[PDB]
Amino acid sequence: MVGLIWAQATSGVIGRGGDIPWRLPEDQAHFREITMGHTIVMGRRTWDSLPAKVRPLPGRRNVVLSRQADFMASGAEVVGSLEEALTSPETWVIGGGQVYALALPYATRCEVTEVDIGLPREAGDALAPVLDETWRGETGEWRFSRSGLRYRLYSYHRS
């Protein structure tokens, strides 16, 4: 299986300035459940944002995707192509904008946390990918995060 998991504002923004303009610990915990024990695949420009001590994410096969035939990533594989990263029954694309649209033809699951924030698509913002009509998904109800923003999960599937 190949699933994508992201959190987006309602405008569709996932990131800005090479980082994320929110922090919901309820999404930290959902994201950790989904991914734990499986392969996680992330863009190089996502691996760096991650401080050296939080990294690699524990108990998961960390794969960074880069063009650099000699990128370092202590504690992960660096692979130059997506398919190289497929040989677990569960592989989770965890960001960001470039790698999302790249893995979208491989994906049968999308796990979306929708964050109820007015965040206009301005900058060189990274955005969530486009889910066309082949994607069936169950919308959630707004839960209140302790940070103060609302949110709700989304699970999309196509066979």
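Rigid core: the largest C-alpha set superposing within 1.5 Å between the two forms. For every residue, the number given is its place in the sequence shown, counted from 1.
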Core-fitted, the stretch whose Cα atoms sit farther from this form in 8 other deposited structures of this protein, 46 to 54 versus 61 to 69, is 46 to 54
The stretch that moves more in 8 other deposited structures of this protein, judged by RMS C-alpha distance from this form after core superposition, 87 to 95 or 110 to 118, is 87 to 95
Taking the deposited Cα B-factors and averaging over 53 to 61 and over 92 to 100, the higher mean is found in 53 to 61
The stretch whose C-alpha atoms carry the larger average B-factor in the entry, 17 to 25 or 133 to 141, is 133 to 141
Of the three thirds of Cα B-factor ranks in this chain, residue 117 occupies the middle
Split the chain's modelled residues into thirds by Cα B-factor; residue 1 lands in the highest
Tertile call for residue 111 (CA temperature factor, within chain, third-based) is the lowest
Residue 8: CA B-factor among chain residues, third -> lowest
By the entry's values, the third containing the CA B factor of residue 36 is the lowest
